[PDB]
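>>> how would this look folded up:
(one chain, ligands or ions: 1)
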Amino acid sequence: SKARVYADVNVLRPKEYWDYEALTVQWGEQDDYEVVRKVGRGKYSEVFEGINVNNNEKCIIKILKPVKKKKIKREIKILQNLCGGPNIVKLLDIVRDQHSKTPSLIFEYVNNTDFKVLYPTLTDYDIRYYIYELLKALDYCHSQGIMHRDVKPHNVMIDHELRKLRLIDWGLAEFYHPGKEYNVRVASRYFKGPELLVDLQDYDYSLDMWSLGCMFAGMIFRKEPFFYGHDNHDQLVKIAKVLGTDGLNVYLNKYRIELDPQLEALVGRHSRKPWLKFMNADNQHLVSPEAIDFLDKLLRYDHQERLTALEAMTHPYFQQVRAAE
Ligand SMILES: S=c1[nH]c2c(Br)c(Br)c(Br)c(Br)c2[nH]1
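Numbers count the residues shown, from 1 in each chain. Shown next is the structure:
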């Protein structure tokens with residue numbers, strides 16, 4: 001399987017661009033950036049609100065937990081490649097603790113509001129607007145040969161007051177190369193596409209469009225996560241109990257995928273649950289025919305059948321957003 005778009009990006013570009021292992025990091029000054037307050041944490045880093053002592057300007061200090069040299073260069077190269085494109089987190093500097101060599105990445109500051117607190121207050125229009133902003137990040141990075149591979153609310157920073165969106169955490173991101181077999185141990189469980197769950201290694205940008213779709217489905221339906229699986233096999237069961245088993249069946253045969261008998265048994269047999277079955281009084285005001293139609297073209301088993309980030313941005317759903325530009 002190849003990408004239906006931007007397949008030749010890293011092919012027509014110099015080896016400098018995509019060859020991240022040849023990166024030689026030009027380290028900055030660790031004294032320039034003081035920690036003010038903790039603002040988050042994850043498996044691979046701790047994150048702090050910071051200050052630049054030169055200019056008194058706020059920043060984000062992302063202190064990294066012991067990481068392989070290979071993986072950290074991947075994150076940096078991608079960050080440097082994408083630095084400047086639409087709604088991408090801007091990497092300001094790269095520094096290290098002299099004694100222990102622990103790297104820190106310094107980012108632009110964003111006054112983010114947690115999605116568990118923010119999202120319930122988003123109106124019909126705000127949702128349209130912020131997904132559109134995310135779509136700009138996605139098409140940009142896709143256009144540059146990068147798949148984010150970890151699209152979720154936690155990686156989407158939002159200052160509601162100033163209406164600014166930044167796509168963050170490019171720790172799982174990767175250069176797309178035509179027919180290169182990739183590790184399916186990427187994204188976070190509730191946003192893993194069916195390609196990763198069934199061991200289809202030759203995936204592409206399309207992966208991020210599934211992830212995007214789970215995120216979107218949770219926002220309009222007010223049910224986050226939308227696909228709540230307990231583990232990788234249960235994650236697929238949850239998808240199958242929505243999109244239906246037949247669509248799964250045709251998808252698997254098209255790519256010559258054989259499922260594990262353990263998994264195939266677990267999945268079982270299920271009919272399709274129409275999207276309108278997720279409507280209620282808590283969410284009636286965010287669900288529309290346009291929302292449903294957009295959601296519908298994103299959440300497809302077949303990665304080749306999903307809307308591309310560019311196609312998605314032109315959807316009548318986002319029309320009023322486009323007119324305001
Ligand atoms: S974790 C984590 N949290 C976080 C925040 Br709150 C911001 Br504003 C920013 Br800009 C970044 Br890069 C991260 N990572």
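>>> quick check: residue 317 touching residue 296?
No: with contact defined as C-beta atoms under 8 Å, residue 317 does not count as touching residue 296 (10.7 Å). Every C-beta, even on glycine, is put in place using the N, C-alpha and C of the backbone.
>>> what ranges does the chain have for its helices?
Ranges of helices in the chain, per DSSP state H, are 9-12, 15-18, 69-82, 115-118, 124-143, 194-197, 206-221, 232-243, 245-254, 261-267, 289-298, 309-313, 319-323.
>>> now those in JSON lines, with distance to residue 2 and mean neighbour count?
Rendered in JSON lines, the data for the helices of the chain read as follows (distance: least, C-beta to C-beta, whole Å; neighbours: other C-beta atoms under 10 Å):
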{"stretch": "helix 9-12", "distance to residue 2": "11", "mean neighbour count": "15"}
{"stretch": "helix 15-18", "distance to residue 2": "16", "mean neighbour count": "13"}
{"stretch": "helix 69-82", "distance to residue 2": "21", "mean neighbour count": "19"}
{"stretch": "helix 115-118", "distance to residue 2": "34", "mean neighbour count": "14"}
{"stretch": "helix 124-143", "distance to residue 2": "14", "mean neighbour count": "21"}
{"stretch": "helix 194-197", "distance to residue 2": "13", "mean neighbour count": "24"}
{"stretch": "helix 206-221", "distance to residue 2": "11", "mean neighbour count": "24"}
{"stretch": "helix 232-243", "distance to residue 2": "24", "mean neighbour count": "19"}
{"stretch": "helix 245-254", "distance to residue 2": "14", "mean neighbour count": "15"}
{"stretch": "helix 261-267", "distance to residue 2": "26", "mean neighbour count": "13"}
{"stretch": "helix 289-298", "distance to residue 2": "20", "mean neighbour count": "17"}
{"stretch": "helix 309-313", "distance to residue 2": "17", "mean neighbour count": "19"}
{"stretch": "helix 319-323", "distance to residue 2": "30", "mean neighbour count": "12"}
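>>> reformat those as CSV; add distance to residue 281.
Shown next, in CSV, are the helices of the chain (distance: least, C-beta to C-beta, whole Å):
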stretch, distance to residue 281
helix 9-12, 46
helix 15-18, 50
helix 69-82, 41
helix 115-118, 20
helix 124-143, 15
helix 194-197, 31
helix 206-221, 12
helix 232-243, 21
helix 245-254, 30
helix 261-267, 32
helix 289-298, 17
helix 309-313, 29
helix 319-323, 25
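>>> and of those, who's closest to residue 159?
Counting by C-beta to C-beta, residue 159 lies closest to helix 115-118 out of the helices of the chain; the figure is 9.9 Å.
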